[PDB]
file model12.txt (compact mmCIF, C-alpha atoms)
# COMPACT_ATOMS: atom_id res chain seq x y z
CA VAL A 1474 -82.70 -65.21 -217.73
CA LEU A 1475 -83.81 -68.82 -218.09
CA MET A 1476 -86.93 -70.05 -219.82
CA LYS A 1477 -88.36 -73.44 -220.75
CA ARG A 1478 -89.97 -73.37 -224.19
CA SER A 1479 -87.41 -75.49 -226.02
CA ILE A 1480 -86.72 -77.75 -223.05
CA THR A 1481 -90.03 -78.68 -221.49
CA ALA A 1482 -91.99 -79.05 -224.75
CA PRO A 1483 -90.22 -82.15 -226.22
CA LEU A 1484 -90.39 -83.64 -222.69
CA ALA A 1485 -94.05 -82.98 -221.85
CA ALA A 1486 -95.03 -84.33 -225.30
CA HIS A 1487 -93.85 -87.76 -224.04
CA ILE A 1488 -95.04 -87.40 -220.41
CA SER A 1489 -98.66 -86.97 -221.53
CA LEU A 1490 -98.41 -89.88 -223.98
CA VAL A 1491 -97.12 -92.19 -221.22
CA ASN A 1492 -99.89 -91.22 -218.79
CA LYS A 1493 -102.72 -91.61 -221.33
CA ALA A 1494 -101.36 -94.93 -222.60
CA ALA A 1495 -101.23 -96.21 -219.02
CA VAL A 1496 -104.94 -95.40 -218.60
CA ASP A 1497 -105.68 -97.16 -221.89
CA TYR A 1498 -103.53 -100.13 -220.81
CA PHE A 1499 -105.78 -100.43 -217.77
CA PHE A 1500 -109.06 -100.28 -219.61
CA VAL A 1501 -108.81 -102.05 -222.97
CA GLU A 1502 -106.66 -104.86 -221.57
CA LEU A 1503 -107.15 -105.42 -217.83
CA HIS A 1504 -110.87 -104.42 -217.66
CA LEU A 1505 -111.21 -102.48 -214.42
CA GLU A 1506 -114.66 -101.42 -215.64
CA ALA A 1507 -115.70 -105.09 -215.59
CA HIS A 1508 -114.60 -105.42 -211.96
CA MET B 1 -41.68 -34.56 -214.15
CA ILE B 2 -43.19 -34.98 -217.62
CA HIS B 3 -43.84 -38.70 -217.83
CA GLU B 4 -44.71 -38.67 -214.10
CA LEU B 5 -47.69 -36.40 -214.73
CA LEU B 6 -49.10 -38.78 -217.34
CA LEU B 7 -48.73 -41.72 -214.96
CA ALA B 8 -50.38 -39.77 -212.15
CA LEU B 9 -53.15 -38.66 -214.49
CA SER B 10 -54.07 -42.18 -215.60
CA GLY B 11 -54.56 -43.19 -211.96
CA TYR B 12 -51.05 -44.09 -210.82
CA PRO B 13 -50.10 -41.19 -208.54
CA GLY B 14 -46.36 -40.77 -208.20
CA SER B 15 -43.96 -39.63 -205.53
CA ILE B 16 -44.28 -36.14 -207.04
CA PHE B 17 -48.08 -35.82 -206.99
CA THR B 18 -48.89 -37.50 -203.69
CA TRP B 19 -52.45 -38.83 -203.52
CA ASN B 20 -54.43 -38.22 -200.41
CA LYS B 21 -58.17 -38.73 -200.28
CA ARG B 22 -59.10 -35.56 -198.39
CA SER B 23 -57.12 -33.51 -200.92
CA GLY B 24 -56.48 -35.55 -204.08
CA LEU B 25 -53.11 -34.93 -205.75
CA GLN B 26 -50.51 -32.54 -204.32
CA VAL B 27 -47.08 -31.46 -205.55
CA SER B 28 -44.06 -32.10 -203.36
CA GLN B 29 -43.50 -28.36 -202.91
CA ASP B 30 -41.24 -25.42 -203.80
CA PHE B 31 -37.68 -26.51 -204.61
CA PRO B 32 -34.95 -24.16 -205.92
CA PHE B 33 -35.03 -25.79 -209.38
CA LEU B 34 -38.77 -25.12 -209.93
CA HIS B 35 -40.93 -21.99 -209.83
CA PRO B 36 -44.67 -21.27 -210.20
CA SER B 37 -44.92 -20.87 -213.99
CA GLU B 38 -44.85 -24.56 -214.76
CA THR B 39 -46.36 -25.36 -211.34
CA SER B 40 -49.71 -23.72 -212.00
CA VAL B 41 -50.18 -25.50 -215.35
CA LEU B 42 -49.39 -28.78 -213.62
CA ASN B 43 -51.93 -28.08 -210.86
CA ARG B 44 -54.63 -27.15 -213.39
CA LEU B 45 -53.99 -30.41 -215.19
CA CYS B 46 -53.99 -32.31 -211.86
CA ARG B 47 -57.63 -31.32 -211.23
CA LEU B 48 -58.82 -33.60 -214.07
CA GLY B 49 -56.81 -36.51 -212.69
CA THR B 50 -58.33 -36.06 -209.22
CA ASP B 51 -61.77 -36.33 -210.79
CA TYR B 52 -60.73 -39.31 -212.94
CA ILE B 53 -59.36 -41.33 -210.00
CA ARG B 54 -62.57 -40.68 -208.09
CA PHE B 55 -64.60 -41.86 -211.11
CA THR B 56 -62.71 -45.12 -211.55
CA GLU B 57 -62.93 -45.78 -207.81
CA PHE B 58 -66.72 -45.34 -207.78
CA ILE B 59 -67.35 -47.38 -210.95
CA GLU B 60 -65.17 -50.17 -209.58
CA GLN B 61 -66.83 -49.91 -206.16
CA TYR B 62 -70.40 -50.42 -207.35
CA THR B 63 -69.92 -52.93 -210.18
CA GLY B 64 -68.55 -56.36 -209.32
CA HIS B 65 -68.68 -56.36 -205.52
CA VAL B 66 -71.30 -59.06 -204.80
CA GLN B 67 -72.59 -62.32 -206.23
CA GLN B 68 -76.01 -60.63 -205.72
CA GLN B 69 -77.15 -61.97 -202.32
CA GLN B 76 -83.51 -55.82 -199.05
CA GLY B 77 -84.88 -52.49 -200.27
CA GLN B 78 -81.65 -50.95 -201.44
CA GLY B 79 -81.08 -49.31 -204.81
CA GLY B 80 -78.22 -47.00 -203.84
CA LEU B 81 -75.73 -49.24 -202.06
CA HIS B 82 -76.98 -51.95 -204.47
CA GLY B 83 -79.69 -52.04 -207.11
CA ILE B 84 -79.53 -52.63 -210.84
CA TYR B 85 -79.79 -48.95 -211.83
CA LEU B 86 -76.67 -47.95 -209.93
CA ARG B 87 -74.72 -50.72 -211.66
CA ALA B 88 -76.16 -49.52 -214.99
CA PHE B 89 -74.87 -45.98 -214.35
CA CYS B 90 -71.44 -47.35 -213.42
CA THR B 91 -71.51 -49.36 -216.65
CA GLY B 92 -72.28 -46.28 -218.75
CA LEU B 93 -69.74 -43.99 -217.12
CA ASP B 94 -66.53 -45.83 -218.04
CA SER B 95 -67.29 -46.16 -221.76
CA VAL B 96 -68.14 -42.48 -221.83
CA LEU B 97 -64.73 -41.95 -220.16
CA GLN B 98 -62.96 -43.80 -223.01
CA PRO B 99 -61.74 -40.67 -224.98
CA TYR B 100 -59.77 -39.50 -221.91
CA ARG B 101 -57.76 -42.72 -221.89
CA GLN B 102 -57.34 -42.40 -225.67
CA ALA B 103 -56.00 -38.87 -225.17
CA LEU B 104 -53.44 -39.89 -222.52
CA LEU B 105 -52.34 -42.66 -224.86
CA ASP B 106 -51.83 -40.09 -227.56
CA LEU B 107 -49.77 -37.85 -225.23
CA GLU B 108 -47.27 -40.61 -224.50
CA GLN B 109 -46.69 -41.13 -228.23
CA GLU B 110 -46.15 -37.42 -228.90
CA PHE B 111 -43.73 -37.19 -225.97
CA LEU B 112 -41.91 -40.18 -227.47
CA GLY B 113 -41.59 -38.51 -230.87
CA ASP B 114 -40.03 -35.28 -229.60
CA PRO B 115 -39.20 -35.00 -225.88
CA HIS B 116 -38.93 -31.20 -225.81
CA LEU B 117 -42.70 -30.60 -226.01
CA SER B 118 -44.14 -28.20 -223.46
CA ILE B 119 -46.64 -28.74 -220.68
CA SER B 120 -48.82 -26.08 -222.30
CA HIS B 121 -48.78 -28.38 -225.31
CA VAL B 122 -50.51 -30.93 -223.12
CA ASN B 123 -52.81 -28.31 -221.63
CA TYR B 124 -54.37 -27.07 -224.88
CA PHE B 125 -55.12 -30.58 -226.13
CA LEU B 126 -56.71 -31.58 -222.83
CA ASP B 127 -58.74 -28.36 -222.48
CA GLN B 128 -61.60 -29.79 -224.56
CA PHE B 129 -62.15 -31.88 -221.42
CA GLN B 130 -61.49 -29.03 -218.98
CA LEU B 131 -65.14 -27.92 -219.04
CA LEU B 132 -66.86 -31.27 -219.49
CA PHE B 133 -65.22 -32.94 -216.49
CA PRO B 134 -66.62 -30.56 -213.85
CA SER B 135 -69.97 -30.78 -215.64
CA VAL B 136 -70.56 -34.53 -215.34
CA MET B 137 -69.46 -34.49 -211.68
CA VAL B 138 -72.59 -32.87 -210.25
CA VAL B 139 -74.79 -35.64 -211.67
CA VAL B 140 -72.92 -38.44 -209.88
CA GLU B 141 -72.67 -36.20 -206.81
CA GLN B 142 -76.45 -35.71 -206.80
CA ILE B 143 -77.05 -39.46 -207.04
CA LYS B 144 -74.65 -40.21 -204.19
CA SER B 145 -75.68 -37.44 -201.83
CA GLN B 146 -79.48 -37.43 -201.99
CA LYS B 147 -79.77 -41.28 -201.98
CA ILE B 148 -81.26 -41.36 -205.46
CA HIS B 149 -82.23 -44.87 -206.47
CA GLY B 150 -84.44 -46.74 -208.88
CA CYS B 151 -86.03 -44.75 -211.66
CA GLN B 152 -85.07 -41.43 -210.01
CA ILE B 153 -81.54 -41.58 -211.45
CA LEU B 154 -83.02 -41.07 -214.96
CA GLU B 155 -84.55 -37.69 -214.19
CA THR B 156 -81.38 -36.64 -212.35
CA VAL B 157 -79.39 -37.17 -215.55
CA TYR B 158 -82.21 -36.06 -217.85
CA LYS B 159 -82.65 -32.57 -216.44
CA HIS B 160 -79.02 -31.83 -217.21
CA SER B 161 -79.27 -33.45 -220.64
CA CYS B 162 -81.60 -30.67 -221.78
CA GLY B 163 -79.00 -27.91 -221.49
CA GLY B 164 -77.03 -25.98 -224.08
CA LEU B 165 -73.60 -27.57 -224.39
CA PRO B 166 -73.25 -30.32 -227.08
CA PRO B 167 -70.44 -32.45 -225.52
CA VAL B 168 -72.17 -32.65 -222.14
CA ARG B 169 -75.42 -33.60 -223.89
CA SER B 170 -73.92 -36.44 -225.95
CA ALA B 171 -71.78 -37.71 -223.06
CA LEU B 172 -74.79 -37.91 -220.74
CA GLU B 173 -76.88 -39.37 -223.58
CA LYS B 174 -74.84 -42.57 -223.77
CA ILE B 175 -75.23 -43.22 -220.03
CA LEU B 176 -78.96 -42.58 -220.25
CA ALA B 177 -79.13 -45.17 -223.02
CA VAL B 178 -77.60 -47.80 -220.70
CA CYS B 179 -79.83 -47.08 -217.70
CA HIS B 180 -82.78 -47.02 -220.07
CA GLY B 181 -81.59 -50.44 -221.17
CA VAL B 182 -82.20 -52.08 -217.80
CA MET B 183 -85.78 -50.71 -217.71
CA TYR B 184 -86.36 -51.88 -221.27
CA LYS B 185 -85.10 -55.35 -220.36
CA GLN B 186 -87.63 -55.65 -217.52
CA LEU B 187 -90.48 -54.17 -219.58
CA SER B 188 -89.76 -56.41 -222.59
CA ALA B 189 -90.78 -59.49 -220.58
CA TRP B 190 -93.37 -58.07 -218.20
CA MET B 191 -95.54 -56.65 -220.97
CA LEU B 192 -95.81 -59.77 -223.10
CA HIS B 193 -95.56 -62.35 -220.35
CA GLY B 194 -95.85 -60.72 -216.95
CA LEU B 195 -92.55 -62.03 -215.74
CA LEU B 196 -90.43 -59.62 -213.74
CA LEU B 197 -86.76 -60.07 -212.89
CA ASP B 198 -86.54 -57.36 -210.21
CA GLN B 199 -87.44 -57.67 -206.55
CA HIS B 200 -87.37 -54.70 -204.07
CA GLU B 201 -86.63 -52.36 -207.00
CA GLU B 202 -89.23 -50.76 -209.26
CA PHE B 203 -89.39 -50.28 -213.01
CA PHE B 204 -92.09 -47.70 -212.01
CA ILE B 205 -94.75 -50.44 -211.86
CA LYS B 206 -94.50 -52.57 -208.73
CA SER B 253 -103.65 -60.20 -209.91
CA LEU B 254 -105.46 -56.86 -209.24
CA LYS B 255 -103.39 -56.67 -206.01
CA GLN B 256 -99.63 -56.61 -205.27
CA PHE B 257 -99.51 -54.53 -208.48
CA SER B 258 -99.33 -50.82 -207.83
CA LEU B 259 -98.73 -47.78 -210.01
CA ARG B 260 -97.43 -44.50 -208.61
CA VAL B 261 -96.86 -41.03 -210.01
CA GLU B 262 -93.81 -40.69 -207.73
CA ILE B 263 -91.77 -43.58 -209.11
CA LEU B 264 -92.72 -42.84 -212.74
CA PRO B 265 -90.44 -40.53 -214.80
CA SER B 266 -91.54 -36.93 -214.87
CA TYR B 267 -90.69 -36.63 -218.56
CA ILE B 268 -92.88 -39.62 -219.41
CA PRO B 269 -96.52 -38.65 -218.77
CA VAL B 270 -99.08 -40.63 -216.82
CA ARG B 271 -101.23 -41.67 -219.78
CA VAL B 272 -98.81 -44.12 -221.38
CA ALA B 273 -98.03 -45.58 -217.93
CA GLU B 274 -101.68 -46.41 -217.24
CA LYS B 275 -101.83 -48.25 -220.56
CA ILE B 276 -98.71 -50.26 -219.61
CA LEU B 277 -100.33 -51.27 -216.32
CA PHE B 278 -103.51 -52.26 -218.19
CA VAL B 279 -101.57 -54.46 -220.66
CA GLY B 280 -99.60 -56.27 -217.96
CA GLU B 281 -102.61 -57.02 -215.76
CA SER B 282 -104.70 -58.13 -218.74
CA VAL B 283 -102.16 -60.66 -219.97
CA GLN B 284 -101.40 -61.77 -216.38
CA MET B 285 -105.01 -62.70 -215.71
CA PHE B 286 -105.72 -64.95 -218.69
CA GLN C 507 -80.84 -68.59 -209.66
CA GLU C 508 -78.24 -66.00 -210.63
CA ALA C 509 -79.39 -66.22 -214.28
CA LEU C 510 -83.00 -65.10 -213.85
CA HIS C 511 -81.94 -62.59 -211.21
CA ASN C 512 -79.70 -60.55 -213.50
CA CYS C 513 -78.72 -60.49 -217.16
CA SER C 514 -77.82 -56.79 -217.66
CA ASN C 515 -74.20 -57.00 -216.56
CA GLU C 516 -70.90 -57.80 -218.23
CA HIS C 517 -70.54 -61.03 -216.20
CA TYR C 518 -73.59 -62.60 -217.88
CA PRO C 519 -71.75 -64.68 -220.59
CA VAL C 520 -69.10 -66.11 -218.25
CA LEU C 521 -71.66 -67.42 -215.77
CA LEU C 522 -73.85 -68.55 -218.67
CA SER C 523 -70.97 -70.57 -220.13
CA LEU C 524 -70.35 -72.10 -216.71
CA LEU C 525 -73.99 -73.11 -216.19
CA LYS C 526 -74.46 -74.27 -219.79
CA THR C 527 -72.08 -77.18 -219.21
CA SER C 528 -72.73 -77.62 -215.49
CA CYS C 529 -76.36 -78.47 -216.33
CA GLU C 530 -75.31 -80.94 -219.03
CA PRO C 531 -75.20 -84.28 -217.07
CA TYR C 532 -78.44 -83.47 -215.20
CA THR C 533 -80.25 -83.03 -218.52
CA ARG C 534 -79.01 -86.47 -219.54
CA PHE C 535 -80.33 -87.98 -216.31
CA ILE C 536 -83.74 -86.43 -216.90
CA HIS C 537 -83.50 -87.72 -220.49
CA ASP C 538 -83.03 -91.33 -219.26
CA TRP C 539 -85.94 -92.51 -217.11
CA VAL C 540 -88.51 -91.13 -219.55
CA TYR C 541 -87.15 -92.27 -222.94
CA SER C 542 -85.53 -95.59 -222.08
CA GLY C 543 -87.09 -96.45 -218.74
CA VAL C 544 -83.68 -96.73 -217.09
CA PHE C 545 -83.56 -94.94 -213.76
CA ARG C 546 -80.07 -93.41 -213.55
CA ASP C 547 -79.06 -91.66 -210.31
CA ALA C 548 -75.65 -90.09 -209.97
CA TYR C 549 -74.42 -89.33 -206.39
CA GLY C 550 -77.60 -88.22 -204.73
CA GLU C 551 -77.17 -84.99 -206.70
CA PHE C 552 -79.89 -85.97 -209.18
CA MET C 553 -83.22 -84.72 -207.80
CA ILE C 554 -85.18 -88.00 -207.91
CA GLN C 555 -83.68 -91.04 -206.15
CA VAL C 556 -84.79 -94.54 -205.18
CA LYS C 566 -96.89 -105.08 -204.67
CA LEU C 567 -98.43 -101.76 -203.67
CA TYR C 568 -95.30 -100.21 -205.24
CA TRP C 569 -94.27 -97.21 -203.17
CA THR C 570 -90.53 -97.92 -202.92
CA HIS C 571 -88.96 -94.87 -204.59
CA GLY C 572 -87.72 -91.76 -202.81
CA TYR C 573 -88.52 -88.17 -203.70
CA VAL C 574 -86.55 -86.16 -201.10
CA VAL C 586 -83.27 -74.27 -208.62
CA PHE C 587 -84.99 -76.63 -211.05
CA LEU C 588 -88.71 -76.21 -211.33
CA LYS C 589 -90.82 -78.48 -209.16
CA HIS C 590 -93.71 -78.08 -211.64
CA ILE C 591 -91.99 -80.67 -213.87
CA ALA C 592 -90.48 -82.78 -211.03
CA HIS C 593 -93.58 -84.80 -210.12
CA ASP C 594 -94.50 -85.33 -213.79
CA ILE C 595 -91.17 -87.10 -214.39
CA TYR C 596 -91.56 -88.81 -211.00
CA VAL C 597 -94.75 -90.45 -212.24
CA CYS C 598 -93.61 -90.80 -215.87
CA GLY C 599 -90.82 -93.18 -214.89
CA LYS C 600 -92.54 -95.36 -212.31
CA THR C 601 -95.20 -96.76 -214.67
CA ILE C 602 -92.56 -98.12 -217.04
CA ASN C 603 -90.59 -99.35 -214.04
CA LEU C 604 -93.73 -101.16 -212.87
CA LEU C 605 -93.99 -102.77 -216.29
CA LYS C 606 -90.38 -103.85 -215.73
CA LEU C 607 -91.60 -105.78 -212.66

call {"tool": "encode", "arguments": {"input": "model12.txt", "output": "structure tokens"}}
result
Amino acid sequence: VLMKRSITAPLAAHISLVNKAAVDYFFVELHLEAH
Amino acid sequence: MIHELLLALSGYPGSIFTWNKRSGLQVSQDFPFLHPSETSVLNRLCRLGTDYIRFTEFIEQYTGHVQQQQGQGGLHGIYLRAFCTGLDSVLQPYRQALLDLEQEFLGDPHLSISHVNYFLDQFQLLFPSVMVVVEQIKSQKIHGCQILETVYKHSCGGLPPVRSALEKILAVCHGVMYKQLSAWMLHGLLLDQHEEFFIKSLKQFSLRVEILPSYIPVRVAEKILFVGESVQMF
Amino acid sequence: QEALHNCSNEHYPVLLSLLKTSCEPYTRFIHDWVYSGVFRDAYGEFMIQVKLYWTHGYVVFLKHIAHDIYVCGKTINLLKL
């Protein structure tokens, strides 16, 4: 059998960081809320 | 004639004991240098070799014949392969015995055929006994969990070697059920499709008295179903 | 797919040893676009291949992680442009 509990965890820990930092890169730098 | 019998008995039938499939092994016939006194002992020993060749043929036939792709558990199906896995390792002392016979024949070549017969007669009862179990499974198209009860009814008898010999096989075919249950209970993941481990959210999941083992009552089975559905939902 | 289908057979370790190294370069390719921002395709055998920025292709490994990598690389690759 295959499982992903020691494969997908140290990958998703970086996926989520990248996505949230992209949202923050929008807002605190490029000010879409101002537009 | 001596060494030839051992070779035939292991599953290499000679030009003396000619293998057919509608009759097994057969001697070449009356010759003026032989007469029935040795002949009958040889025939009685040849019975066990007939059974052994059939066993190896069946075990070979149902284990290692597909890269695993319906509804089939008797031409295919994990439980059949599990039985075939158990049967050869239970058959290991026979091979060990034949191995012993060659060494004894090497030490002193004048040893009788009755000498072989008395050593092998601890197997003379057990080998017909195990045959009806495999014959039941093949004939009645017994698949899935139903193989367990077929072996289990004859592992409640009154002969110790038959009981232990069947017990090892039942351990193996229990093992496949345990492997499916060990994931489905704590996760919900199942590895089987078109076979049952006696439990097939709140729909596509069915529990049946028919597929469940007779010697495992209904009450524990309902709890198993409850656990799996509960963890599957949240 | 043969691994999750059966593991109660004597041919489990041989096929496991085959897959354990046959999945080795693919793991490296997944480990590239996310940690270094370098998109590395092999022969078309790697699952993901390449103003408004919609110029990357997308045409069994689990698809539930496929799109997450597919978006985790393209933001860094946009910062490269």

call {"tool": "residues_around", "arguments": {"input": "model12.txt", "residues": "residue 191 in chain B", "least_positions_apart": "4", "cutoff": "8 Å", "atoms": "all atoms listed in the file", "output": "MDAnalysis selection string"}}
result
chainID B and resid 187 276 279:280 283

call {"tool": "write_last_selection", "arguments": {"input": "model12.txt", "atoms": "C-alpha atoms", "output": "mmCIF file, keeping the file's coordinate frame"}}
result
data_model
loop_
_atom_site.group_PDB
_atom_site.id
_atom_site.type_symbol
_atom_site.label_atom_id
_atom_site.label_comp_id
_atom_site.auth_asym_id
_atom_site.auth_seq_id
_atom_site.Cartn_x
_atom_site.Cartn_y
_atom_site.Cartn_z
ATOM 1 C CA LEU B 187 -90.480 -54.170 -219.580
ATOM 2 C CA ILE B 276 -98.710 -50.260 -219.610
ATOM 3 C CA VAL B 279 -101.570 -54.460 -220.660
ATOM 4 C CA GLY B 280 -99.600 -56.270 -217.960
ATOM 5 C CA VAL B 283 -102.160 -60.660 -219.970
#

call {"tool": "interface_residues", "arguments": {"input": "model12.txt", "of": "chain B", "to": "chain C", "cutoff": "9 Å", "atoms": "all atoms listed in the file", "output": "short mmCIF file (atom, residue, chain, number, x, y, z; two decimals) with C-alpha atoms, in the coordinates of the input"}}
result
data_model
loop_
_atom_site.label_atom_id
_atom_site.label_comp_id
_atom_site.auth_asym_id
_atom_site.auth_seq_id
_atom_site.Cartn_x
_atom_site.Cartn_y
_atom_site.Cartn_z
CA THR B 63 -69.92 -52.93 -210.18
CA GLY B 64 -68.55 -56.36 -209.32
CA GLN B 67 -72.59 -62.32 -206.23
CA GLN B 68 -76.01 -60.63 -205.72
CA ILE B 84 -79.53 -52.63 -210.84
CA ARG B 87 -74.72 -50.72 -211.66
CA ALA B 88 -76.16 -49.52 -214.99
CA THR B 91 -71.51 -49.36 -216.65
CA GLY B 181 -81.59 -50.44 -221.17
CA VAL B 182 -82.20 -52.08 -217.80
CA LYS B 185 -85.10 -55.35 -220.36
CA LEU B 197 -86.76 -60.07 -212.89
CA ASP B 198 -86.54 -57.36 -210.21
CA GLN B 199 -87.44 -57.67 -206.55
#

call {"tool": "atom_distance", "arguments": {"input": "model12.txt", "atom1": "CA of residue 545 in chain C", "atom2": "CA of residue 602 in chain C"}}
result
10.1 Å

call {"tool": "interface_residues", "arguments": {"input": "model12.txt", "of": "chain A", "to": "chain C", "cutoff": "12 Å", "atoms": "only C-alpha atoms", "output": "MDAnalysis selection string"}}
result
chainID A and resid 1474:1477 1480:1496 1498:1499

call {"tool": "residues_around", "arguments": {"input": "model12.txt", "residues": "residue 125 in chain B", "least_positions_apart": "3", "cutoff": "12 Å", "atoms": "only C-alpha atoms", "output": "PyMOL selection string"}}
result
chain B and resi 45+100+103-104+106-107+110+118-122+128-130

call {"tool": "write_last_selection", "arguments": {"input": "model12.txt", "atoms": "C-alpha atoms", "output": "compact mmCIF listing (two decimals), in the coordinates of the input"}}
result
# COMPACT_ATOMS: atom_id res chain seq x y z
CA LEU B 45 -53.99 -30.41 -215.19
CA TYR B 100 -59.77 -39.50 -221.91
CA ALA B 103 -56.00 -38.87 -225.17
CA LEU B 104 -53.44 -39.89 -222.52
CA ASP B 106 -51.83 -40.09 -227.56
CA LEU B 107 -49.77 -37.85 -225.23
CA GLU B 110 -46.15 -37.42 -228.90
CA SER B 118 -44.14 -28.20 -223.46
CA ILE B 119 -46.64 -28.74 -220.68
CA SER B 120 -48.82 -26.08 -222.30
CA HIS B 121 -48.78 -28.38 -225.31
CA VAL B 122 -50.51 -30.93 -223.12
CA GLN B 128 -61.60 -29.79 -224.56
CA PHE B 129 -62.15 -31.88 -221.42
CA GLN B 130 -61.49 -29.03 -218.98

call {"tool": "atom_distance", "arguments": {"input": "model12.txt", "atom1": "CA of residue 133 in chain B", "atom2": "CA of residue 95 in chain B"}}
result
14.4 Å

call {"tool": "axis_aligned_box", "arguments": {"input": "model12.txt", "around": "range 122-135 of chain B", "padding_each_side": "5 Å", "output": "JSON"}}
result
{"center_x": -60.2, "center_y": -30.0, "center_z": -220.0, "size_x": 29.5, "size_y": 15.9, "size_z": 22.3}

call {"tool": "atom_distance", "arguments": {"input": "model12.txt", "atom1": "CA of residue 134 in chain B", "atom2": "CA of residue 117 in chain B"}}
result
26.8 Å

call {"tool": "decode", "arguments": {"input": "model12.txt", "residues": "range 1481-1495 of chain A", "atoms": "N, CA, C and O atoms", "output": "PDB file, in the first residue's frame"}}
result
ATOM      1  N   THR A1481       3.734  14.242   1.724  1.00  0.00           N
ATOM      2  CA  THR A1481       2.968  15.444   1.432  1.00  0.00           C
ATOM      3  C   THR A1481       3.068  16.484   2.541  1.00  0.00           C
ATOM      4  O   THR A1481       2.795  17.662   2.292  1.00  0.00           O
ATOM      5  N   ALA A1482       3.461  16.087   3.759  1.00  0.00           N
ATOM      6  CA  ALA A1482       3.512  17.064   4.849  1.00  0.00           C
ATOM      7  C   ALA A1482       4.667  18.061   4.702  1.00  0.00           C
ATOM      8  O   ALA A1482       4.390  19.282   4.713  1.00  0.00           O
ATOM      9  N   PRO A1483       5.934  17.661   4.488  1.00  0.00           N
ATOM     10  CA  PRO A1483       6.968  18.679   4.258  1.00  0.00           C
ATOM     11  C   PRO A1483       6.896  19.362   2.899  1.00  0.00           C
ATOM     12  O   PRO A1483       7.766  20.185   2.600  1.00  0.00           O
ATOM     13  N   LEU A1484       5.902  19.046   2.069  1.00  0.00           N
ATOM     14  CA  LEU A1484       5.614  19.771   0.839  1.00  0.00           C
ATOM     15  C   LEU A1484       4.506  20.803   1.036  1.00  0.00           C
ATOM     16  O   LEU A1484       4.639  21.968   0.624  1.00  0.00           O
ATOM     17  N   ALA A1485       3.399  20.382   1.658  1.00  0.00           N
ATOM     18  CA  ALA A1485       2.271  21.281   1.880  1.00  0.00           C
ATOM     19  C   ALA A1485       2.620  22.394   2.857  1.00  0.00           C
ATOM     20  O   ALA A1485       2.074  23.509   2.745  1.00  0.00           O
ATOM     21  N   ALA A1486       3.550  22.121   3.793  1.00  0.00           N
ATOM     22  CA  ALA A1486       4.052  23.157   4.698  1.00  0.00           C
ATOM     23  C   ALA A1486       4.691  24.340   3.968  1.00  0.00           C
ATOM     24  O   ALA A1486       4.680  25.455   4.501  1.00  0.00           O
ATOM     25  N   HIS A1487       5.229  24.128   2.765  1.00  0.00           N
ATOM     26  CA  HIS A1487       5.775  25.202   1.944  1.00  0.00           C
ATOM     27  C   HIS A1487       4.773  25.758   0.936  1.00  0.00           C
ATOM     28  O   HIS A1487       4.838  26.960   0.629  1.00  0.00           O
ATOM     29  N   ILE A1488       3.862  24.909   0.430  1.00  0.00           N
ATOM     30  CA  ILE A1488       2.807  25.365  -0.485  1.00  0.00           C
ATOM     31  C   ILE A1488       1.961  26.457   0.164  1.00  0.00           C
ATOM     32  O   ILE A1488       1.730  27.528  -0.426  1.00  0.00           O
ATOM     33  N   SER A1489       1.514  26.203   1.403  1.00  0.00           N
ATOM     34  CA  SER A1489       0.652  27.155   2.101  1.00  0.00           C
ATOM     35  C   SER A1489       1.372  28.464   2.408  1.00  0.00           C
ATOM     36  O   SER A1489       0.773  29.547   2.299  1.00  0.00           O
ATOM     37  N   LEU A1490       2.654  28.372   2.770  1.00  0.00           N
ATOM     38  CA  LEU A1490       3.476  29.546   3.029  1.00  0.00           C
ATOM     39  C   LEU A1490       3.611  30.417   1.787  1.00  0.00           C
ATOM     40  O   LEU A1490       3.480  31.647   1.879  1.00  0.00           O
ATOM     41  N   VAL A1491       3.811  29.786   0.621  1.00  0.00           N
ATOM     42  CA  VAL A1491       3.952  30.525  -0.634  1.00  0.00           C
ATOM     43  C   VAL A1491       2.658  31.253  -0.981  1.00  0.00           C
ATOM     44  O   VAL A1491       2.672  32.443  -1.337  1.00  0.00           O
ATOM     45  N   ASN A1492       1.522  30.562  -0.841  1.00  0.00           N
ATOM     46  CA  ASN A1492       0.236  31.168  -1.194  1.00  0.00           C
ATOM     47  C   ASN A1492      -0.107  32.350  -0.276  1.00  0.00           C
ATOM     48  O   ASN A1492      -0.496  33.436  -0.753  1.00  0.00           O
ATOM     49  N   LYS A1493       0.092  32.181   1.043  1.00  0.00           N
ATOM     50  CA  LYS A1493      -0.219  33.265   1.978  1.00  0.00           C
ATOM     51  C   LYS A1493       0.725  34.456   1.801  1.00  0.00           C
ATOM     52  O   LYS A1493       0.290  35.618   1.897  1.00  0.00           O
ATOM     53  N   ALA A1494       2.008  34.196   1.519  1.00  0.00           N
ATOM     54  CA  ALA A1494       2.945  35.282   1.307  1.00  0.00           C
ATOM     55  C   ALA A1494       2.678  36.013   0.006  1.00  0.00           C
ATOM     56  O   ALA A1494       2.963  37.207  -0.077  1.00  0.00           O
ATOM     57  N   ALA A1495       2.102  35.335  -0.992  1.00  0.00           N
ATOM     58  CA  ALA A1495       1.688  36.032  -2.207  1.00  0.00           C
ATOM     59  C   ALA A1495       0.528  36.990  -1.945  1.00  0.00           C
ATOM     60  O   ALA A1495       0.521  38.116  -2.475  1.00  0.00           O
TER      61      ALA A1495
END
